[PDB]
Amino acid sequence: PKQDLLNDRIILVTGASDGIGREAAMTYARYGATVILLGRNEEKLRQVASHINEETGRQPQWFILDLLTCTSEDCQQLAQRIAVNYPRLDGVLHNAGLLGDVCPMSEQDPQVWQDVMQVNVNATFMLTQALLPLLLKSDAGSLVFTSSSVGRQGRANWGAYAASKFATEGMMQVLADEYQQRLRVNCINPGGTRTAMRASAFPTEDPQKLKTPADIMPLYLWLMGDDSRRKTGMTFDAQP
Amino acid sequence: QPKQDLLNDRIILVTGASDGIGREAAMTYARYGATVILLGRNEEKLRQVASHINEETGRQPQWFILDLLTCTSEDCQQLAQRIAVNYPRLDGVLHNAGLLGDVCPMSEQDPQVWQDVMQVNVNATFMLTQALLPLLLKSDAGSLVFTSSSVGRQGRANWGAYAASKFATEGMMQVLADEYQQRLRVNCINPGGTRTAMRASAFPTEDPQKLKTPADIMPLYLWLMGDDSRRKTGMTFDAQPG
Ligand SMILES: NC(=O)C1=CN([C@@H]2O[C@H](COP(=O)(O)OP(=O)(O)OC[C@H]3O[C@@H](n4cnc5c(N)ncnc54)[C@H](OP(=O)(O)O)[C@@H]3O)[C@@H](O)[C@H]2O)C=CC1
Ligand SMILES: NC(=O)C1=CN([C@@H]2O[C@H](COP(=O)(O)OP(=O)(O)OC[C@H]3O[C@@H](n4cnc5c(N)ncnc54)[C@H](OP(=O)(O)O)[C@@H]3O)[C@@H](O)[C@H]2O)C=CC1
């Protein structure tokens, strides 16, 4: 993949404040993208923004949207503020996500559970709905959901996370079918990656023996770039 | 498939008991000897189904109210305590209750309707399953059945919240299926298109006499609550292969 793969492409990334979303941003940016950052923490996004600026020379915008509490109006309002500065979106990476409770179904807490489906499904549904006009105004728009392997096959103790990655996958498949030959619409399964969500989940696992968000990026770029134009409605594993 | 003493002295709770496919499961289970618990949100609809199952079997079911759009974790724990009082287990639970919501472009889906659908179909069904898992554990071969749709396995245009909710349902089932291996049977049914009112809402033009009725598709519904399926778990089954 050439260093100018994403020149003059407008790419928005959620959960840009930390982890995979952080790394996706910086990288899309190094590949020449106009990146847009979303998160819920102004102080964290300022730092990401700052670091990308020191990296590439361009200061990316960040917008605030807490996905737990956000409504359709706020999301629609966020679309408004993005149209102010940008003619279109070429890519939207829905990367934000809440892990919630990792325990037996009998132990799973119902408020954390309703927080998980709020952030991973609803708020992500709502926000997609608002950004679709800007994605359609692009020459080949790319919408990406982040799944997980419990989004394909429920294992014990994954609970609310899992149900919500299943929903992410069907949500992706409805959309891809509706935007056939208008939009690329896909899922990425990152697989286990050196982040603080992964570690919460696996206290004992050694993170240094994991691939970093950096290492898993070839797929993140491929799905935003011209070589995936013909691909839609699929779930790609960053680590097959 | 079966025989009329099959579900003899098995105790089965059916949500969405007051109409469509749950009404029929409840009615059908009871004619095969089951002691049925009817759940729904409409007292009169429920009164009627109970009365009808009485006049058919001579055993009158008990019915309970839970509005899965509005219930809290507490509301469901209470109910389960209520059940635990008259009842010494649950050999079976059919989560039939469902909300269709808007069938329309993802661009057009109402956000509140979207959230209503996930609440009935994923969260309340979650919270309800949770409150009843102890009683189910008390069965010798308890059966937990969810209801999916073919768009819970493969999203298609215009299914919005309901396709999302049914994937989340298959997902949910697989987790539970993983944690209760050799403890519970935990499967899904895909009914197929069935002559009910939810179906009609989605296919207003469809001639409903071209569909199978709830009663045409009951074998599977019956197969899964009895002993012929005892070692099978973690799977989605089609009531209409095709
Ligand atoms: N890391 C891994 O091994 C795997 C991760 N995934 C998925 O990858 C994606 C990224 O996860 P990862 O980078 O690992 O995790 P992190 O927890 O490190 O970061 C997740 C991002 O989501 C944001 N976020 C969480 N809740 C909200 C909210 N309510 N409003 C706005 N933003 C929110 C966080 O913001 P902030 O923290 O700044 O508040 C953060 O920016 C997620 O979809 C995750 O589910 C899938 C498989 C494996
Ligand atoms: N019919 C079909 O072609 C197919 C059906 N299905 C699934 O089969 C199941 C049965 O559907 P079907 O019989 O067709 O539908 P019906 O609409 O005719 O019945 C659905 C049942 O769920 C109950 N319900 C809805 N919302 C709530 C709520 N908030 N609280 C408590 N109960 C509620 C209804 O109660 P009430 O009447 O009292 O309001 C009703 O008893 C559903 O889960 C549906 O998803 C899946 C694929 C195909």
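Structure determination for this entry is recorded as X-ray crystallography, at 2.100 Å resolution.

The header of this PDB entry states its title as "Crystal structure of putative short chain dehydrogenase FROM ESCHERICHIA COLI CFT073 complexed with NADPH".

Caption draft 1: How the structure looks around the side chain of A:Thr146. Residues and elements named next belong to chain A. Along the chain, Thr146 falls in strand β5 (residues 141-146). With a relative accessible area of 8%, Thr146 lands in the buried category. A polar side-chain atom of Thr146 sits 2.6 Å from the main-chain carbonyl oxygen of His94. Apart from residues no more than four positions distant in its own chain, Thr146 is found in contact with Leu93, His94, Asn95, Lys165, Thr168, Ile188, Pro190 and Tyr220.

Caption draft 2: Inspection of the packing of helix α4 (residues 110-136) of chain A against helix α5 (residues 159-178) of chain A at higher detail. All names here are of chain A. Two elements in contact, α4 and α5, have axes whose closest approach is 8 Å; the angle formed by their N-to-C orientations is 15°. With respect to α5, the axis of α4 lies roughly parallel. For the pair α4 and α5, the sense of crossing is right-handed. Residues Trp113, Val116, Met117, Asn120, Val121, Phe125 and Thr128 of α4 form the contact with α5, whose participating residues are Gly159, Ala160, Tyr161, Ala163, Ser164, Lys165, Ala167, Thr168, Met171 and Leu175. The residue makeup of the contact of α4 with α5, split by class, is 11 nonpolar, 5 polar and 1 charged.

Caption draft 3: Quick look at the site of ligand 1. All names here are of chain A. Taken together, 27 residues lie near ligand 1, and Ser17, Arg40, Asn95, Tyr161 and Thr195 sit nearest. A distance of 2.9 Å is found between an oxygen atom of ligand 1 and a backbone nitrogen or oxygen belonging to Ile20. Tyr161 is positioned with one of its side-chain polar atoms (N or O) 2.6 Å from an oxygen atom of ligand 1. The fraction of the free accessible surface of ligand 1 (890 Å²) that becomes covered by protein chains is 92%. Put simply, the parts of the chain that give the shell around ligand 1 at least two residues each are α1 (19-30), α5 and α6 (196-201).

Caption draft 4: View of the sheet that holds strand β3 (residues 61-64) of chain A. Residues and elements named next belong to chain A. Across the sheet, 7 strands lie side by side as β3-β2-β1-β4-β5-β6-β7; this open sheet has parallel pairing. Only two strands of the sheet have a single partner each, and these edge strands are β3 and β7 (235-237). Each neighbouring strand pair of the sheet contributes to a mean axis angle of 20°, computed without reference to strand direction. Sheet analysis places strand β4 (residues 91-94) next to β5, joined by 4 bridges and oriented parallel. Paired with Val92 across the bridge in β5 is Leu143. Each of β1 (10-14), β2 (34-39) and β4 touches α1; the most contacted strand, β1, lies at about 165° to it.

Rules behind the numbers
Residues numbered from 1 in each chain as written, not as in the entry; some residues may be left out. Chains lettered and ligands numbered in written order. Heavy atoms only, no water. Helix = DSSP H or I, 4+ residues; strand = E, 2+ residues; numbered from the N terminus. Buried < 20%, exposed > 50% of the residue type's maximum accessible area, 1.4 Å probe, protein only. Polar contact = N/O pair within 3.5 Å; in protein donor to acceptor, adjacent residues only side chain to side chain. Contact = heavy atoms within 4.5 Å. Axes fitted to C-alpha atoms, helices over the stretch in contact; angles between N-to-C directions. Parallel < 35°, antiparallel > 145°, perpendicular 65-115°, else oblique. Left-handed = near helix turned anticlockwise from the far one by under 90°. Nonpolar A, V, L, I, M, F, W, Y, C, P; charged D, E, K, R; others polar. Near = heavy atom within 4 Å. Areas by Shrake-Rupley, 256 points an atom, 1.4 Å probe, with all protein chains shown as cover. Pairing = 2+ DSSP bridges.

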